[PDB]
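Written out below as structure tokens is the structure these notes cover.
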Amino acid sequence: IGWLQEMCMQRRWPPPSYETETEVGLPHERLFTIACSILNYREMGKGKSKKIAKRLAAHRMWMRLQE
């Protein structure tokens, strides 16, 4: 993610922001879903942890930027 932030800076684009939704899924299946917005675009990922969801969000974010 740090590399993506560096690229954002180098491209002189607006800094990325994250919106974390918690308590996703069943009470016994605590998942997390995090969306990431940057410049004009926004992509969202999810996983078993905030780390996973965040990384996936940023990953998809980059893919969208390069789409």
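By convention here, the chains of the structure tokens are called A, B, ... in the order presented, each chain's residues are numbered starting at 1, and ligands are numbered starting at 1 in the order presented.
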
| message | If DSSP is run on the backbone, what residues of chain A are helix (DSSP H, G or I)? A reply as a PyMOL selection string would be ideal. | response | chain A and resi 2-10+50-65

| said: Residues near region 30-37 of chain A, anyone? I mean within 7 Å using only C-alpha atoms, not counting same-chain ones fewer than 3 positions away, as a PyMOL selection string. | reply: chain A and resi 16-27+41-50+53-54+57-58+61

Any chance you could export the current selection's N, CA and C atoms as an mmCIF file, in the first residue's frame?
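As written to disk, again-v6.cif reads:
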```cif
data_model
loop_
_atom_site.group_PDB
_atom_site.id
_atom_site.type_symbol
_atom_site.label_atom_id
_atom_site.label_comp_id
_atom_site.auth_asym_id
_atom_site.auth_seq_id
_atom_site.Cartn_x
_atom_site.Cartn_y
_atom_site.Cartn_z
ATOM 1 N N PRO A 16 -5.232 8.920 -1.122
ATOM 2 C CA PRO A 16 -6.262 7.896 -0.991
ATOM 3 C C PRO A 16 -6.880 7.911 0.401
ATOM 4 N N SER A 17 -8.143 7.509 0.487
ATOM 5 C CA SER A 17 -8.830 7.410 1.768
ATOM 6 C C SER A 17 -9.574 6.087 1.895
ATOM 7 N N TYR A 18 -9.726 5.615 3.127
ATOM 8 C CA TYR A 18 -10.300 4.298 3.378
ATOM 9 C C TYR A 18 -11.534 4.395 4.264
ATOM 10 N N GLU A 19 -12.586 3.676 3.885
ATOM 11 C CA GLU A 19 -13.776 3.560 4.719
ATOM 12 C C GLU A 19 -13.991 2.123 5.177
ATOM 13 N N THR A 20 -13.844 1.895 6.477
ATOM 14 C CA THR A 20 -13.864 0.543 7.024
ATOM 15 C C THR A 20 -15.239 0.194 7.580
ATOM 16 N N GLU A 21 -15.850 -0.846 7.024
ATOM 17 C CA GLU A 21 -17.061 -1.419 7.598
ATOM 18 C C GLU A 21 -16.753 -2.691 8.377
ATOM 19 N N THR A 22 -17.198 -2.733 9.629
ATOM 20 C CA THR A 22 -16.869 -3.838 10.521
ATOM 21 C C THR A 22 -18.088 -4.713 10.787
ATOM 22 N N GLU A 23 -17.861 -5.858 11.423
ATOM 23 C CA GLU A 23 -18.946 -6.764 11.779
ATOM 24 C C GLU A 23 -19.717 -7.212 10.544
ATOM 25 N N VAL A 24 -18.987 -7.623 9.514
ATOM 26 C CA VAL A 24 -19.602 -8.097 8.280
ATOM 27 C C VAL A 24 -19.833 -9.602 8.321
ATOM 28 N N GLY A 25 -21.018 -10.025 7.893
ATOM 29 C CA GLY A 25 -21.358 -11.443 7.856
ATOM 30 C C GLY A 25 -22.013 -11.885 9.158
ATOM 31 N N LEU A 26 -21.911 -13.175 9.457
ATOM 32 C CA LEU A 26 -22.549 -13.741 10.639
ATOM 33 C C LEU A 26 -21.796 -13.359 11.907
ATOM 34 N N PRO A 27 -22.500 -13.375 13.035
ATOM 35 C CA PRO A 27 -21.891 -13.060 14.321
ATOM 36 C C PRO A 27 -20.676 -13.940 14.588
ATOM 37 N N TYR A 41 -11.704 7.758 -8.623
ATOM 38 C CA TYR A 41 -12.111 6.358 -8.650
ATOM 39 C C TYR A 41 -12.316 5.818 -7.240
ATOM 40 N N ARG A 42 -12.909 4.633 -7.147
ATOM 41 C CA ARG A 42 -13.131 3.987 -5.859
ATOM 42 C C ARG A 42 -13.353 2.489 -6.026
ATOM 43 N N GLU A 43 -12.621 1.698 -5.247
ATOM 44 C CA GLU A 43 -12.764 0.248 -5.280
ATOM 45 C C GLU A 43 -12.801 -0.334 -3.873
ATOM 46 N N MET A 44 -13.507 -1.450 -3.717
ATOM 47 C CA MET A 44 -13.786 -2.001 -2.396
ATOM 48 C C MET A 44 -13.405 -3.474 -2.322
ATOM 49 N N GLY A 45 -12.777 -3.863 -1.218
ATOM 50 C CA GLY A 45 -12.426 -5.259 -0.988
ATOM 51 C C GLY A 45 -12.862 -5.715 0.398
ATOM 52 N N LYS A 46 -12.759 -7.016 0.647
ATOM 53 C CA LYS A 46 -13.187 -7.590 1.917
ATOM 54 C C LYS A 46 -12.398 -8.851 2.245
ATOM 55 N N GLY A 47 -12.394 -9.225 3.521
ATOM 56 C CA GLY A 47 -11.660 -10.402 3.971
ATOM 57 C C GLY A 47 -11.959 -10.711 5.432
ATOM 58 N N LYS A 48 -11.107 -11.526 6.046
ATOM 59 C CA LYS A 48 -11.319 -11.961 7.421
ATOM 60 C C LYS A 48 -10.738 -10.959 8.412
ATOM 61 N N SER A 49 -10.003 -9.981 7.894
ATOM 62 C CA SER A 49 -9.395 -8.955 8.731
ATOM 63 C C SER A 49 -9.390 -7.603 8.028
ATOM 64 N N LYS A 50 -9.184 -6.541 8.801
ATOM 65 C CA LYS A 50 -9.061 -5.200 8.242
ATOM 66 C C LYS A 50 -7.843 -5.093 7.332
ATOM 67 N N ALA A 53 -8.813 -6.803 3.924
ATOM 68 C CA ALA A 53 -9.776 -5.979 3.204
ATOM 69 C C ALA A 53 -9.122 -4.712 2.667
ATOM 70 N N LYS A 54 -8.292 -4.085 3.493
ATOM 71 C CA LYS A 54 -7.628 -2.842 3.115
ATOM 72 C C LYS A 54 -6.671 -3.061 1.951
ATOM 73 N N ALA A 57 -8.596 -3.723 -1.194
ATOM 74 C CA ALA A 57 -9.179 -2.470 -1.659
ATOM 75 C C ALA A 57 -8.158 -1.636 -2.422
ATOM 76 N N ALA A 58 -6.963 -1.510 -1.855
ATOM 77 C CA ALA A 58 -5.893 -0.747 -2.487
ATOM 78 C C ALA A 58 -5.429 -1.413 -3.776
ATOM 79 N N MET A 61 -8.043 -0.787 -6.286
ATOM 80 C CA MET A 61 -7.924 0.637 -6.576
ATOM 81 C C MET A 61 -6.904 0.892 -7.677
#
```

| said: Under the rule that only C-alpha atoms are counted, which of A:56, A:38, A:51, A:29 is the nearest residue to residue 8 (chain A)? | reply: A:38

| query | Interatomic distance between CA of residue 39 (chain A) and CA of residue 14 (chain A)? | reply | 5.2 Å

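The interatomic distance for the pair CA of residue 12 (chain A) and CA of residue 55 (chain A) works out to 21.6 Å.
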
| task | Write down as JSON, numbers by chain the residues of chain A whose backbone DSSP state falls under strand (DSSP E). | result | {"A": [17, 18, 19, 20, 21, 22, 23, 24, 31, 32, 33, 34, 35, 36, 37, 38, 41, 42, 43, 44, 45, 46, 47]}

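What separates CA of residue 40 (chain A) from CA of residue 52 (chain A) is a distance of 23.2 Å.
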